[PDB]
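Novice: This structure is in structure tokens; I'll ask about it shortly.
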Amino acid sequence: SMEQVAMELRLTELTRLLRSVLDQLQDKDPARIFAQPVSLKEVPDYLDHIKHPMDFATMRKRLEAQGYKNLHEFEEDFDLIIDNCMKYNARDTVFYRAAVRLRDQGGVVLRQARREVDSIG
Numbered sequence: 022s023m024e025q026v027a028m029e030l031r032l033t034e035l036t037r038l039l040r041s042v043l044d045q046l047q048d049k050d051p052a053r054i055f056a057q058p059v060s061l062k063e064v065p066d067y068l069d070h071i072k073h074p075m076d077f078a079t080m081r082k083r084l085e086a087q088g089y090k091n092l093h094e095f096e097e098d099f100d101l102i103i104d105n106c107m108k109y110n111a112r113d114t115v116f117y118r119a120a121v122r123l124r125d126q127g128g129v130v131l132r133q134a135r136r137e138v139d140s141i142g
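Its first residue numbered 22, the sequence shown is counted upward by one per residue in the deposited numbering.
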């Protein structure tokens with residue numbers, strides 16, 4: 022059906038819009054703390070602490086596979102990155118501090134991006 026192609030033309034363009042957004046959110050992590058998944062060889066207890074791990078490269082895998090059906094799904098992953106970090110790491114730490122900085126600066130990019138989804142459909 023041509024009605025599936027029109028949906029795909031919309032999901033293609035969401036992926037194209039979220040691709041841009043992800044870049045801006047990851048330009049807010051120049052220390053690249055959140056780039057890669059937390060190592061299981063280097064933090065073997067990790068999954069005892071954190072049950073849904075998340076990182077930018079993982080979010081990018083899903084993204085290029087057209088695995089985000091809407092913006093809300095994409096925001097959920099972003100918050101997993103931040104919130105996982107802020108429970109796993111204590112408050113006087115470089116890792117926690119980076120999560121907070123990324124949350125504060127992400128709120129501006131996401132506030133615009135919610136409008137470009139609503140506006141452009």
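Built from N, CA and C at the ideal position, the CB exists for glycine as well.
Between the segment 61–70 and the segment 82–93, do three or more beta carbon pairs fall short of 8 Å?
Specialist: Segments in contact, no.
Novice: DSSP state of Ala86, grouped into three classes?
Specialist: Locating residue 86 in the sequence shown gives position 65, where the first residue counts as 1. Residue state, collapsed to three classes: coil.
Novice: Looking only at its own chain, which residues have a Cβ that is under 7 Å from the Cβ of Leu46, when we skip the five neighbours before and after it?
Specialist: Reading the sequence shown from its first residue, position 25 is the one you call residue 46. Within the same chain, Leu46 has close Cβ partners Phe99, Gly127, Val130.
Novice: Alpha carbon to alpha carbon, how far is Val115 from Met107? Give it in angstroms, no decimals.
Specialist: Position 86 of the sequence shown, counting from 1, holds the residue named residue 107. Position 94 of the sequence shown, counting from 1, holds the residue named residue 115. When rounded, the distance between both Cα atoms is 11 Å.
Novice: Going by DSSP in three states, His73 sits in which element: helix, strand or coil?
Specialist: Counting from one through the sequence shown, the residue named residue 73 turns up at place 52. Of the three classes helix, strand and coil, the one that applies to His73 here is coil, per DSSP.
Novice: If you check the beta carbons only, do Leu32 and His73 fall under 7 Å apart?
Specialist: Translated into positions along the sequence shown, residue 32 becomes position 11. Translated into positions along the sequence shown, residue 73 becomes position 52. Not a contact, by the Cβ cut-off of 7 Å.
Novice: With 16 as the cutoff for other CB atoms within 10 Å, does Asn91 come out buried or exposed?
Specialist: Reading the sequence shown from its first residue, position 70 is the one you call residue 91. Exposed: under 16 other Cβ atoms inside 10 Å.
Novice: Would you mind reading off the limits of the alpha helix (DSSP H) that contains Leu38?
Specialist: Translated into the one-based positions of the sequence shown, residue 38 becomes position 17. Per DSSP, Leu38 belongs to the alpha helix (DSSP H) from 23–48.
Novice: Cα separation between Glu34 and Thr79?
Specialist: Position 13 of the sequence shown holds residue 34. Position 58 of the sequence shown holds residue 79. Near 20 Å, if we compare the C-alpha coordinates of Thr79 and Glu34.
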